[PDB]
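**Student:** So I've got this experimental structure, pasted below with the sequence.
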Amino acid sequence: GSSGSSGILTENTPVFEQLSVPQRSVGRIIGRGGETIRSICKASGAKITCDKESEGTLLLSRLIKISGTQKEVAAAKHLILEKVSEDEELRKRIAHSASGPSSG
């Protein structure tokens with residue numbers, strides 16, 4: 001599933017979205033200690049936070065919370081991903097499990 005876009009407001013109505021990220025990518029999204037989550041929140045303007053209700057130790061997967069105006073909540077969501085994909089490959093470039101399509 002990929003297709004599926006939409007979003008309406010009055011001019012800058014607030015929004016609340018949540019993005020579940022693995023503990024393997026959260027390190028690249030949030031950074032060493034947030035230094036990365038601080039530059040994104042200011043680059044998009046959307047408030048980004050990490051789950052709380054849960055222990056948030058290292059179960060299996062983490063969850064992030066994005067808030068703000070349709071402008072940010074939408075933009076920030078993109079940035080957060082830009083990091084998820086980075087670590088996704090960064091961990092593969094070092095592990096390389098009988099794979100690695102690098103011809104083009």
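**Tutor:** Perfect, thanks for sending it. Numbering: from 1, shown residues only.
**Student:** what are the ranges of the helices in this structure?
**Tutor:** 26-30, 35-44, 70-95 (DSSP state H).
**Student:** And the residue positioned nearest the centre of the chain, how far from residue 89?
**Tutor:** Residue closest to the average C-alpha location in the chain (CA atoms, centre = their mean): residue 80, at 2.9 Å. According to CB to CB, to the nearest Å, residue 80 and residue 89 sit 16 Å apart. For the C-beta atoms, the positions are set from N, CA and C on the backbone; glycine is no exception.
**Student:** Tally up the residues packed near the closest residue to residue 65 other than its chain neighbours, please.
**Tutor:** Excluding the flanking residues, the one nearest residue 65 by CB to CB, 6 or more residues apart in numbering is residue 49, at 4.6 Å. A count of nearby residues for residue 49, using other CB atoms under 10 Å, gives 13.
**Student:** Thought residue 64 was touching residue 49, still the case?
**Tutor:** Yes. Residue 49 lies in contact with residue 64 (CB atoms under 8 Å); the separation is 6.9 Å.
**Student:** shared neighbours of these two, which are they?
**Tutor:** Shared contacts of residue 49 and residue 64, defined by CB atoms under 8 Å, 6 or more residues apart in numbering, are absent.
**Student:** coming back round to it: most packed of the helices of the chain?
**Tutor:** Mean neighbour count (mean count of other CB atoms under 10 Å) peaks for helix 26-30 among the helices of the chain, with a mean of 21.
**Student:** distance between that one and the chain's centre?
**Tutor:** 8 Å (CA atoms, centre = their mean, to the nearest Å).
**Student:** That one - contacts with which helices or strands?
**Tutor:** Where contact means 3 or more CB pairs under 8 Å, 6 or more residues apart in numbering; DSSP states H and E, helix 26-30 is packed against helix 35-44, strand 61-69, helix 70-95.
**Student:** and these as a markdown table, adding distance to residue 4?
**Tutor:** As requested, the helices and strands packed on helix 26-30 are arranged in a markdown table below (distance: least, CB to CB, whole Å):
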| stretch | distance to residue 4 |
| --- | --- |
| helix 35-44 | 20 |
| strand 61-69 | 17 |
| helix 70-95 | 13 |
